[PDB]
């Protein structure tokens, strides 16, 4: 019991999602812009060498980010599950008693920066060139760790409450900055990776300075305390609880895409790593459309569970679903009528727009089904019972994906790329379907 500051708690619930989604739909899309408009520089004051440096260094970023993402997520499904179920002050506690574990790692990172940086880095396809870059990239980042962590937790929990809007602005803003911040060093100076890396710390600092405001200054949305608010609850236990499947999802994908970057450093030293980098943020970029919808419900389907209008949250979940789908099929179509013009950035041989696009062809006759497949995941999450969600990811990401590449690559070919995805994913979808007639309670409406 505290004071539920504006945002909502309202039951104006379709425009809830509507004007809870779009802020992700924007922020994300723009940080997706930054990603873009940043890298391309590093194809300039440096060529493609460091562009790999990054692409290898990359996963090691996500290593922490998964860790603070679990952290960030817990928060979001706790704090909403406790703002319908209105233990208002518990939230206050949580918030801070997370900031603990963060500041724990915001140090461990600092530590390993000075420690495990190289040790780990060198450990795979260490092209004497791209090596230094990744270091010169990674060294800053870890220093460095602190702002980074915070800002994602924060920009996650503020969704967990209601502020996808100021989220917008925890977002839009590093972006715009970073752009002009990089330009600054990378090009205008010549602090290449070396300093587009410090450009993006000065980014994640400058937000944090701001996030303190929207958490101290006119302590917006909610229960937000600062002196001894936190300590180290036995609540800690309770977010690692929510988060376990959260940091799995990444440390499933992340821990597997270091591999496919470095097994491809044994074949294509740098030519083929920059194009990994490339294929991602078109998955990711035109993931967003989905991704964003989910974070709407994240807290919506959060304080609605929380002993409130069970009635109207299914409304969320059916709608939730209902939308997604139309983007599932939307992307999917657009992802297989324009696999041509998107391989018109990949312009090379007339064989490149062949088995290059053959994978991209029916590799993704799956897409339209992916909608649910992921909606489901925030709705075992917006409702702290990720034990089934725990269950879930391990299918999609590992215990069905890997045990499919492997069973085509024993020997089945560049067919072992293709069938391995299309189909692994659909066993994952079929599976999910059953976890909801397992639980005729989320969607206890149709």
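Positions refer to the first chain, counted from 1.
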Would you determine, from the values in the PDB entry, which of 6-14 and 430-438 has the greater average C-alpha temperature factor? 6-14
Could you check which stretch, 32-40 or 397-405, carries the larger mean CA temperature factor in the entry? 397-405
Just to confirm, going by the entry's C-alpha B-factors, which of 96, 330, 306, 292 comes out highest? 306
C-alpha B-factor winner, where the candidates are 203, 123, 172, 138: 123
Consider only the C-alpha atoms of the modelled residues in this chain, order them by B-factor as the entry records it, and name the third containing residue 243: lowest, middle or highest. middle
Select lowest, middle or highest to describe the third in which the CA B-factor of residue 371 falls within its chain in this entry. middle
Sort the modelled residues of this chain by their C-alpha B factor and say whether residue 418 lands in the lowest, middle or highest third. highest
Taking only the Cα B-factors deposited for this chain, tell me whether residue 381 sits in the lowest, middle or highest third. lowest
Looking at the entry's B-factor column for C-alpha atoms only, identify whether residue 51 ranks in the lowest, middle or highest third of its chain. lowest
